[PDB]
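These notes are about the structure you will find just below.
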Amino acid sequence: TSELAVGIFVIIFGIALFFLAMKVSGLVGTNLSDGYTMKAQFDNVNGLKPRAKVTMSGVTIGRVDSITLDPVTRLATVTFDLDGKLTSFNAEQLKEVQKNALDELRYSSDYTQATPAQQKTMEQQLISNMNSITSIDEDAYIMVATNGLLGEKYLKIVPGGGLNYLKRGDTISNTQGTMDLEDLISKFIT
Amino acid sequence: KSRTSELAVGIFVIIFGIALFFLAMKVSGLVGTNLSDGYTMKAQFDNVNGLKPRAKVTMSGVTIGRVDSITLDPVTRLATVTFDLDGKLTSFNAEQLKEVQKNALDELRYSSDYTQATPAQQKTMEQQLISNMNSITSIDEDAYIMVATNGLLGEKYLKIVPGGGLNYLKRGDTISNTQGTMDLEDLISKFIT
Amino acid sequence: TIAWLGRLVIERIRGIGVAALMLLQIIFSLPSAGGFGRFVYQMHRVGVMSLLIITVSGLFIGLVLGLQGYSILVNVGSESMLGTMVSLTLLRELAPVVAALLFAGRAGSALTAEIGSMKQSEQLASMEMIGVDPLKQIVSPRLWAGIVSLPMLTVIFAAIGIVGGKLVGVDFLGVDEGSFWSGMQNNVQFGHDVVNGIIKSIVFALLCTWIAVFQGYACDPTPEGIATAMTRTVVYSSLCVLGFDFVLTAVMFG
Numbered sequence: 005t006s007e008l009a010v011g012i013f014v015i016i017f018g019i020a021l022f023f024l025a026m027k028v029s030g031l032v033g034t035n036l037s038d039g040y041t042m043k044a045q046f047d048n049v050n051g052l053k054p055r056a057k058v059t060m061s062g063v064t065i066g067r068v069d070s071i072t073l074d075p076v077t078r079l080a081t082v083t084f085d086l087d088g089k090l091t092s093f094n095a096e097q098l099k100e101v102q103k104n105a106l107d108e109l110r111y112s113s114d115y116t117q118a119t120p121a122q123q124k125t126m127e128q129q130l131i132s133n134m135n136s137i138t139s140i141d142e143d144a145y146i147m148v149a150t151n152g153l154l155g156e157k158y159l160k161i162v163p164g165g166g167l168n169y170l171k172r173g174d175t176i177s178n179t180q181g182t183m184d185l186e187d188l189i190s191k192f193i194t
Numbered sequence: 002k003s004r005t006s007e008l009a010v011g012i013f014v015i016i017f018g019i020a021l022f023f024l025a026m027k028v029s030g031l032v033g034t035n036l037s038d039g040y041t042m043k044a045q046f047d048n049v050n051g052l053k054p055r056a057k058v059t060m061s062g063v064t065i066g067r068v069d070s071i072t073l074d075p076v077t078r079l080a081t082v083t084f085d086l087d088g089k090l091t092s093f094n095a096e097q098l099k100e101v102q103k104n105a106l107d108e109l110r111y112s113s114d115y116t117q118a119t120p121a122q123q124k125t126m127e128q129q130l131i132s133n134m135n136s137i138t139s140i141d142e143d144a145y146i147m148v149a150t151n152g153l154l155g156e157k158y159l160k161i162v163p164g165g166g167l168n169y170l171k172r173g174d175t176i177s178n179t180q181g182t183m184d185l186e187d188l189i190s191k192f193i194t
Numbered sequence: 003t004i005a006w007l008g009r010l011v012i013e014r015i016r017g018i019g020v021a022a023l024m025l026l027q028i029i030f031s032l033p034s035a036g037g038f039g040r041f042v043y044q045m046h047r048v049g050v051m052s053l054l055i056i057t058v059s060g061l062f063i064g065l066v067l068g069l070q071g072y073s074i075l076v077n078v079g080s081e082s083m084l085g086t087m088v089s090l091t092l093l094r095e096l097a098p099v100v101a102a103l104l105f106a107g108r109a110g111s112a113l114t115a116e117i118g119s120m121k122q123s124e125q126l127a128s129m130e131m132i133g134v135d136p137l138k139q140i141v142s143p144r145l146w147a148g149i150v151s152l153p154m155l156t157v158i159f160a161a162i163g164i165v166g167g168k169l170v171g172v173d174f175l176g177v178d179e180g181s182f183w184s185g186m187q188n189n190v191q192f193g194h195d196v197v198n199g200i201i202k203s204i205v206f207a208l209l210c211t212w213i214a215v216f217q218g219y220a221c222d223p224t225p226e227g228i229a230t231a232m233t234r235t236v237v238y239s240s241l242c243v244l245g246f247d248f249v250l251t252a253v254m255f256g
């Protein structure tokens, strides 16, 4: 009877057509993540690959996106992609920052010598600023790194503390250096 | 020839269902099996540079478990690593357990002060200190964890260093004493420059 | 319109049920030992007549692996790697698949065509009235020739593939005989790099020949059906070999 032939037609037929498309695009080009981006300067990105890893404390955070040259400063500029669930990371974090602000701000002459109106202004800008950060503190470095004594490349993005954060989309300024064997040799360094 | 028709479908369904099973089952030899009694543990670290999920865990160099997941806490800056340890190797045999339970109490009551406790208190302590051991493994109170390197090239794995304690940790708890790896630019900054 | 697919699927699957029943009868009961003395004849058309194809393909595959291995391995370890890669590739993945598919082609379509004609001409049917059960007289020795023949061919394919690999990798391209041979011994274990090639070969031999017999012994006595049966035996045993190869290799080396 058609009762069965129709049920048989739908099963697999209606699975397989979508299956081929979804089981490929999900593997070769279609994705979704709460990404944020940031920019940085470097003096010498020797060998860093365009798809190298970006890490905090050794946990993978994100990926190198694009490596380019500025021909009139002769500096490298590298863009990052960071996954927000591992960095911003929830709502409680904002409250923790606000709490840290209550402990760190008004712990100095900034508020002692300020009128209540000025103290309120400082708290208001604090909220505005913190509302859009991804928790990398302003004392942080960036440098390049590698898998080990042979392998591919990466960026350690360590930290150093304080109630000062890079706003999402901003540039991490205080960065430094590389490692190159050509110079270690010429300087006769161990 | 109407009668033969039915039987033929029934044969198909059975042979086919068996074939589907065979595939789903046999592939478990490599993928989807924990190959362990399934106990888990947690630990935190300062630097887990170069670990992978599926890196090995060891005690005395014997494979004892697996590193299942790695995650970062953004407000403490610590990594959290979750373990999967095999109870056949980490639990005590019940006969061995009897020895462990008793020698642990001899130290606790005689080297330490339980014998000075009200006898009712002494019994209470012995009863729960021991019934609690139905929840434990061999890793003791002072056991270290540290990350480990494998060969002079290869992936990073996790090492457990037991010994010196009296009590034991319960499966599901967190090991407190941990030590992080060293990065190459910081062996250099510490010992060369 | 749509129900058409429904009916197609339902009937093809019914047919697998039938095939299973046929297989059971042919393997389950074979008491007529006196007539099985002829399967050695039957083997002539499955095994003997197929060495030329398996041998030539084995040589080309060996030479190709030699050249591709080499152009990659000069950057990693040809001195040690041609030996290990040529022998593991042939023992684990290619002799069991390339020989299995060439066999499915050359022996498979020929065999199904032959049973097909036996049925279409009504020749086979005339045996029922003579009291000679065609499964014991016609089918039995054909299925058995298939089981023995493919495994022996599988080994030869690899033996030739080793000759091919060495002939270019060591003798024309500059590599040491010493490390080629010792490398193979260090990494190839009888248990189970040689043995697993054989196990997979038995599985394929049974599955593939089983299908060829089944389709040749078709229901519908229409001339158009012979060509259809021939195309289908090649397609079905071909996918089945690849499907089962995946699962078996996944276990054997996982």
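Residue numbers (the UniProt record's numbering), protein chains in the order written: chain L, 5 to 194; chain Z, 2 to 194; chain B, 3 to 256.
Ideal placement from N, C-alpha and C gives every residue a C-beta, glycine not left out.
Answer with yes or no whether the minimum CB distance from residue i to chain D is below 7 angstroms.
i              : result
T91 of chain L : The structure shown contains no chain D; its protein chains are L, Z and B.
List, in order along the chain, the chain Z residues whose C-beta lies closer than 7 angstroms to that of residue i?
i               : result
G256 of chain B : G30, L31
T194 of chain L : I193
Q97 of chain L  : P75, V76
Can you tell me where the alpha helix (DSSP H) with residue i in it begins and where it stops?
i                    : result
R9 of chain B        : 5 to 30
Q102 of chain L      : 96 to 108
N133 of chain L      : 120 to 134
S34 of chain B       : That residue, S34 of chain B, is in no alpha helix (DSSP H); it is neither H nor E in DSSP.
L84 of chain B       : 80 to 90
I132 of chain B      : Careful: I132 of chain B lies outside any alpha helix (DSSP H) and carries neither H nor E.
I189 of chain Z      : 185 to 192
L250 of chain B      : 226 to 254
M120 of chain B      : 112 to 122
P153 of chain B      : 142 to 171
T211 of chain B      : 197 to 218
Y115 of chain L      : 113 to 116
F62 of chain B       : 53 to 75
residue 1 of chain B : No statement about residue 1 of chain B is possible, as the shown extent of chain B runs from 3 to 256 and does not include it.
Can you list the residues of chain L that residue i reaches, using a CB-CB cut of under 9 angstroms?
i               : result
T72 of chain Z  : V63, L90
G51 of chain Z  : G62, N151, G152
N168 of chain Z : Chain L residues near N168 of chain Z: none, gap ~31 angstroms exceeds 9 angstroms.
Near residue i, what residues of its chain come up, given a Cβ to Cβ distance below 8 angstroms and the 5 sequence neighbours on each side ignored?
i               : result
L79 of chain Z  : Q45, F46, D47, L73
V63 of chain Z  : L90
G165 of chain L : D141, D143
Could you pull the DSSP bridge partners for residue i from this structure?
i               : result
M147 of chain L : L:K160
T83 of chain Z  : Z:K43, Z:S70
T175 of chain Z : Z:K43
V63 of chain L  : L:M60
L52 of chain Z  : Z:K157
Please compile the residues from chain B whose C-beta is within a distance smaller than 8 angstroms of the C-beta of residue i.
i              : result
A44 of chain L : Those within 8 angstroms of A44 of chain L in chain B number zero; the least Cβ separation is about 34 angstroms.
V10 of chain L : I4, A5, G8
Could you please give the first and the last residue of the uninterrupted beta strand (DSSP E) stretch that includes residue i?
i               : result
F17 of chain L  : Note, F17 of chain L: premise wrong, no beta strand (DSSP E); alpha helix (DSSP H) at 6 to 32.
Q45 of chain L  : 39 to 46
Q180 of chain Z : 178 to 180
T91 of chain L  : No beta strand (DSSP E) contains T91 of chain L, which DSSP labels as neither H nor E.
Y169 of chain Z : 169 to 171
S139 of chain Z : 137 to 141
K57 of chain L  : 57 to 60
Give me, in chain order, the residues of the same chain whose beta-carbon lies closer than 6 angstroms to that of residue i; leave out the 5 immediate sequence neighbours on both sides.
i               : result
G51 of chain Z  : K157
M45 of chain B  : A147
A115 of chain B : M232
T182 of chain Z : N48, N50, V148
Going along chain B, which residues have a C-beta under 7 angstroms from residue i?
i               : result
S6 of chain L   : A5
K171 of chain Z : Here the premise fails: no neighbours, minimum Cβ distance about 34 angstroms.
Grab me the residues of residue i's own chain with a C-beta within less than 7 angstroms of its C-beta, minus the 5 sequence neighbours each way, in chain order.
i               : result
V141 of chain B : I28, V215
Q180 of chain L : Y145, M147
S82 of chain B  : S181, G185
For residue i, go through chain Z and note every residue whose CB falls closer than 8 angstroms to its CB, in chain order.
i               : result
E100 of chain L : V76
Could you name the residues of chain Z that residue i contacts, counting a contact when the two beta carbons are closer than 9 angstroms?
i              : result
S37 of chain L : The premise fails here: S37 of chain L is roughly 16 angstroms from chain Z at the closest Cβ pair, so nothing lies under 9 angstroms.
Cβ-based contacts, 7 angstroms cut-off: residues of the stretch 5 to 27 of chain B near chain Z: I15, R16, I18, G19, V20, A22, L23
In chain order, what residues of the stretch 54 to 68 of chain L put their CB closer than 7 angstroms to some CB of chain Z? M60, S61, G62, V63
Please identify, using Cβ separations under 7 angstroms, the residues of the stretch 242 to 253 of chain B that lie next to chain Z, in order along the chain. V249, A252, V253
Interfacial residues, the stretch 106 to 134 of chain L to chain Z, with Cβ spacing under 9 angstroms: none
Counting only Cβ-Cβ distances shorter than 7 angstroms, please list the residues of the stretch 13 to 25 of chain L near chain B, keeping chain order. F13, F17
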